[PDB]
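Trainee: Sequence and experimental coordinates follow.
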Amino acid sequence: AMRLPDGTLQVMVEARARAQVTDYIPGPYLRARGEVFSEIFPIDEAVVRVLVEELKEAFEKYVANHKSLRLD
Amino acid sequence: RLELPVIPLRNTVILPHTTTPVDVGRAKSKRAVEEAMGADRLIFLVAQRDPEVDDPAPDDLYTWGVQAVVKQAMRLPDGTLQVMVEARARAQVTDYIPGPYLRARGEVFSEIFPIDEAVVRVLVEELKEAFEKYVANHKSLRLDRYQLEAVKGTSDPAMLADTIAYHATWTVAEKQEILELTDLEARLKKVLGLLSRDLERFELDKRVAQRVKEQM
Amino acid sequence: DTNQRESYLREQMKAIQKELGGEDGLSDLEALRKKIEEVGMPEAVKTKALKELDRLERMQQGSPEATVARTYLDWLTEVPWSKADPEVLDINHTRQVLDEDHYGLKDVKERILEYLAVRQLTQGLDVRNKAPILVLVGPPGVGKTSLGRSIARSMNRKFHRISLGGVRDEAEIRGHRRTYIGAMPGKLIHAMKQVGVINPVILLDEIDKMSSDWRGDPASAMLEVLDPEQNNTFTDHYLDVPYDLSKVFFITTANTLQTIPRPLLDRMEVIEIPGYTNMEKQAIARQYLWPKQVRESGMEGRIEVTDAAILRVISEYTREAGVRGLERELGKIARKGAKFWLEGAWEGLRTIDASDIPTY
Amino acid sequence: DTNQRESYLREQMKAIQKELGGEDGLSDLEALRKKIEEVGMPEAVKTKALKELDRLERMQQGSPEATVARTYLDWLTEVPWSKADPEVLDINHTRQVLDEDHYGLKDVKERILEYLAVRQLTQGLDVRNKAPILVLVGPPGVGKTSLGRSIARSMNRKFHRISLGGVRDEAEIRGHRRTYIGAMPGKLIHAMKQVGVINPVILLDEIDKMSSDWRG
Ligand SMILES: Nc1ncnc2c1ncn2[C@@H]1O[C@H](COP(=O)(O)OP(=O)(O)OP(O)(O)=S)[C@@H](O)[C@H]1O
């Protein structure tokens, strides 16, 4: 993280996992409760890989449908 | 560039990167020619409107001025100074400084190269094929072959884009809307649509031409 | 130049063929030939059509006869040919409709429900019937027209009606032979022109109210459309080829038994229509008359009248046998209710008792 | 593409119509085509006008199909389309109007109160009537049309008068199909072309003095 000269706190992060908030601690500043990780790992990876390839082809079609609405 | 001399263009805006003749007939433009040869052969060409007032005016100009590098400049004693200019790119005109001769300052080139250049090259190839079809078909409506020859072998997409947009014949307002479009793909889309419209009225000409022999 | 350039101008005013604009009409009556072809017509009609279309395209300007010929072409094409309607092949739906909407018609709906049943027993729905076509006789404004509309709703084919009473000649039942601009067919052809199908539910209005003295007797034309063995070969004076009138149902109305002409009195099924009694009109006004006065004058849930006051209305404001007088009185009550409500709504739901009736 | 090709038809045939040997059209097919497809009136006007194009390109002198094209075009365009006056919806306003315009018997005033109080309750997501139409009976000399123009001024609506004691057939109130000039359309569209909005009050004068003289 670093401090921008115009008065903004810029931080580069990667999200870890989702969690469920049980109780709300009053703020400010705000507090959250939950779990450290609640993600689900892939099971039966053949269908998962087929879905990944199909999503890749669909995203390639989606980015290839642009003519004056260009994307990165 | 900035505070460069202004030559009003003759009857049509001159699009960049096309070997075009520019006539200088009025003395007020001749003074700015004499000034522009004192500006390292670089002229900020700002065009006027379609009704050409005999003297240039600080209200009849256009909002886009093109900077041209002069390849060669021959002088003629008939009264017209035909200059061979090879222009570079459009630039915006901030305001109008009255003359004569007129002055108008600009900025850096408005041509930009955005992301997703594969779509840009696809559109360049598609517009090249469509303009080749437009040139090959419009022999009856006088589309030349040197204009098709001068657009082959281009490095920049702006080369082919502005050269093809000049080499097709339409009005001044559509060219002004093109030069307003600084995007690299929107200009190609506009030229493609205008070529489709011209080919469709061309088809309309053959439709009336069939019913010529029918109803005779 | 004056001759040749004008000739090339003729070449242009045909050779453009209006292009995109010419796409419609294809240069004036190509599309009408196309629509001759598109409408499935009898062959004698098509021969007359193509023949007099060849009588067309003959320099229309300087010729109003070409104008009335194209007019005749329009009538020929516009007249519905081979365009039908779905029906209902059951008597039960007509039972539920005329038990549903029109308060039974006291018993005589079943004497109608035998006629429709006998009509749907005739096999193949054939052209021959040798059968009557259900005249209705009764004093005016007793639901007979909406009776026919209900019967057509149960039929699920579109009702129509034409007030043929008061007509003095055959010249607008058969039309007349075309000779100028403003040439016109009979009223029946107008009727089935504004019915876009070839099998409607047609209701005659006043056959007994026909008049005769000059320009041919229309009773021939009503007799010619009358018999189901005869209306199939009904020809015109405007049009030429006999028109097929087998699929077209003819409910008819009248008012007097004893002034329908003699060729139209035989082969007919006489139904003497009754008129709902005071209390029966009270029941009518409670659910299908005053609620419609409320629903059309825009006062749903904002006014009401006690039914002893409706008795006061029927006993005091309408001595006609039908309901149209009571309809007018309940309309006047609806209007004076609208005024007395737009004077400032003193109640969220009004109360019309029997007292203030000569105030509303 | 349809509109611009039809505009190409406009441009070519407006260059064509100036020298016509068909002169009773007055070259006004393309002059009035400015409200065929550059029109701000609905697709009924557009589709009618597309068929007017098929009704153009015709000669004249006796039963012209192209003079009746431009006369029909004006009739369609001149008649207002989706153009409405702002009409004040008040009933006590009319209590003052009928107090300021007439001495009054103070009886009929209650009747137009009945009718207009119904008019305040026009519901059903639109304005649909199924209601009477105010027959006025009495001497001619009594100020009936004055009462009607009082109601029209009370509603901010354009009063008219076309009388029906003078129509004998469905050709002075009905039309004839636009294939010849000398077909002149009926009284209500006469009065509706008179007005620039699609919603006038119209009073009808002496309905009972009508007859069926000719066939119809
Ligand atoms: N059974 C019924 N008898 C009489 N009128 C009824 C009946 N049912 C409904 N109506 C009302 O009749 C009105 C319209 O029909 P009527 O005025 O009775 O006669 P019409 O059908 O309009 O004309 P006729 O009867 O053919 S002369 C509507 O207001 C209906 O609510």
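Mentor: Arrived safely, thanks for sending. Numbers count the residues shown, from 1 in each chain, chains lettered A, B, ... in the order given.
Trainee: Could you report the neighbour count for residue A:38?
Mentor: By the criterion of other Cβ atoms under 10 Å in any protein chain shown, residue A:38 has 10 neighbours. Every residue, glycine included, has its C-beta placed from N, CA and C.
Trainee: likewise residue C:17?
Mentor: Residue C:17 has 24 neighbours, counted by other Cβ under 10 Å.
Trainee: what's it in contact with, if anything?
Mentor: Residue C:17 makes contacts with B:207, B:208, B:211, B:214, B:215, C:26, C:27, as judged by Cβ atoms under 8 Å, 6 or more residues apart in numbering or on different chains.
Trainee: go on, residue C:220?
Mentor: Applying Cβ under 8 Å, 6+ apart, one finds that residue C:220 lies in contact with residue C:170.
Trainee: how near is it to residue C:210?
Mentor: The spacing between residue C:220 and residue C:210, counted by Cβ to Cβ, to the nearest Å, is 11 Å.
Trainee: before we move on, the earlier item: overlap between the contacts of residue C:17 and the residues near chain D?
Mentor: Restricting the contacts of residue C:17 to those touching chain D (Cβ under 8 Å from any Cβ of the partner chain) yields B:208, C:27.
Trainee: so which two of the contacts of residue C:17 are the farthest from each other?
Mentor: In the contacts of residue C:17, the most distant members under the criterion Cβ to Cβ are B:208 and C:26, with 14.6 Å between them.
Trainee: on that earlier part again, which member of the contacts of residue C:17 is positioned nearest chain A?
Mentor: The shortest distance between chain A and any of those, using Cβ to the nearest Cβ, involves residue B:207 and amounts to 29.7 Å.
Trainee: My understanding was that the closest one contacts residue C:19; is that so?
Mentor: Yes - if you go by Cβ atoms under 8 Å, residue B:207 and residue C:19 touch, sitting 5.8 Å apart.
Trainee: Distance check, residue C:343 against chain A.
Mentor: Separation of residue C:343 from chain A (Cβ to the nearest Cβ, to the nearest Å) stands at 58 Å.
Trainee: can you pull the contacts of that residue?
Mentor: For residue C:343, the set of contacting residues under the criterion of Cβ under 8 Å, 6+ apart is empty.
Trainee: which SS state does residue C:345 fall under?
Mentor: Reduced to three states with DSSP: H, G, I helix; E, B strand; the rest coil, the structure at residue C:345 is coil.
Trainee: May I see the contacts of residue C:17 organised as TSV, with distance to residue B:187 added?
Mentor: Output for those, formatted as TSV (distance: Cβ to Cβ, whole Å):
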residue	distance to residue B:187
B:207	30
B:208	32
B:211	37
B:214	41
B:215	42
C:26	40
C:27	41
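Trainee: can you put the contacts of residue C:17 in a markdown table and add secondary structure and distance to residue C:229?
Mentor: Converted to a markdown table, those look like this (DSSP: H, G, I helix; E, B strand; the rest coil; distance: Cβ to Cβ, whole Å):
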| residue | secondary structure | distance to residue C:229 |
| --- | --- | --- |
| B:207 | helix | 54 |
| B:208 | helix | 56 |
| B:211 | helix | 52 |
| B:214 | helix | 50 |
| B:215 | helix | 51 |
| C:26 | coil | 42 |
| C:27 | coil | 45 |
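Trainee: Among the contacts of residue C:17, find me the one that's closest to residue C:352.
Mentor: Closest to residue C:352 out of the contacts of residue C:17 is residue C:26 (64.3 Å), distances taken as Cβ to Cβ.
Trainee: Grab the nearest non-local neighbour of that closest one.
Mentor: If the residues on either side of it in the chain are set aside, residue C:26 comes closest to residue C:34, at 7.2 Å by Cβ to Cβ, 6 or more residues apart in numbering or on different chains.
Trainee: For residue C:60, see how far away that neighbour is.
Mentor: Residue C:34 sits 18 Å away from residue C:60, going by Cβ to Cβ.
Trainee: Equivalent analysis for residue C:21, please.
Mentor: 18 Å.
Trainee: Can you find the residue of the stretch 151-300 of chain C that comes nearest to chain A?
Mentor: Each residue of the stretch 151-300 of chain C has a distance to chain A, by Cβ to the nearest Cβ, and the smallest belongs to residue C:196, at 44.4 Å.
Trainee: burial measure for that residue, as a count.
Mentor: For residue C:196, using other Cβ under 10 Å, the count is 12.
Trainee: Great, nothing more from me.
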